[PDB]
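Inspection log for the structure reproduced underneath, given as structure tokens.
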Amino acid sequence: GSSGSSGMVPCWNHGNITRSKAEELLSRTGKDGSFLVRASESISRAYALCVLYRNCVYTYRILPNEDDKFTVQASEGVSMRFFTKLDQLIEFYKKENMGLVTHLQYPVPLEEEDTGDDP
């Protein structure tokens, strides 16, 4: 029950993680422009985009389309685009005044053990 792809990969695409985690990470940064993605527990075919703002985590469910395309089911059905790739969907939502609470400022890094000796 694993997966993967060949080629460089972003940092905002954490992966299969629990809710507590989604927020946990954001908290660390504490910036009014943090964001991240994860695999929806309920349905794998779908994703979950978390956006921090004014100390509030706004999760966004991404259900697949007839053409296996990832499209945020936020808006009703007028101001919504359709992308086949995940990254291609995120970037697009980099601008403000779209649908999310805040515009993706910096792709919050994963939670890996970092041990730096010298400054």
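Ideal geometry is used to build each Cβ from the backbone, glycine not excepted, and the neighbour counts take in all protein chains shown. Readers should treat all values here as calculations from the given coordinates under stated rules, not as data from a laboratory.
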Relative contact order in percent for the chain (Cα pairs under 8 Å, 6+ apart) equals 24
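Taking 1 over the mean of 1/r across every pair of different Cα atoms in the chain, what Kirkwood radius in Å do you get? Spell out each step's value before the answer.
Numbers: mean 1/r = 0.0659 Å⁻¹.
Value: 15.2 Å, from the Cα pair sum.
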If the cut-off is 22 Å between C-alpha atoms, which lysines fall inside it for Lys69, apart from same-chain ones fewer than 8 positions away? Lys85, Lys94, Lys95
Relative to the first principal axis of the alpha-carbon coordinates of the chain, what is the inclination of helix 19-29, with its axis defined by its Cα atoms, in degrees from 0 to 90 and to the nearest 10? 60
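Quote the FRET efficiency, to the nearest 0.05, computed for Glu113 versus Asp68 with a Förster distance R0 of 41 Å and r equal to the Cβ-Cβ distance.
Efficiency, from the Cβ-Cβ distance: 0.70.
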Would you mind pulling out the separation of the Cα centroids of segment 1-20 and segment 32-67, in Å? 13
Among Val108, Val78, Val57, the residue with the largest mean-square fluctuation in a Gaussian network model of the chain built from Cα contacts under 10 Å is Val78
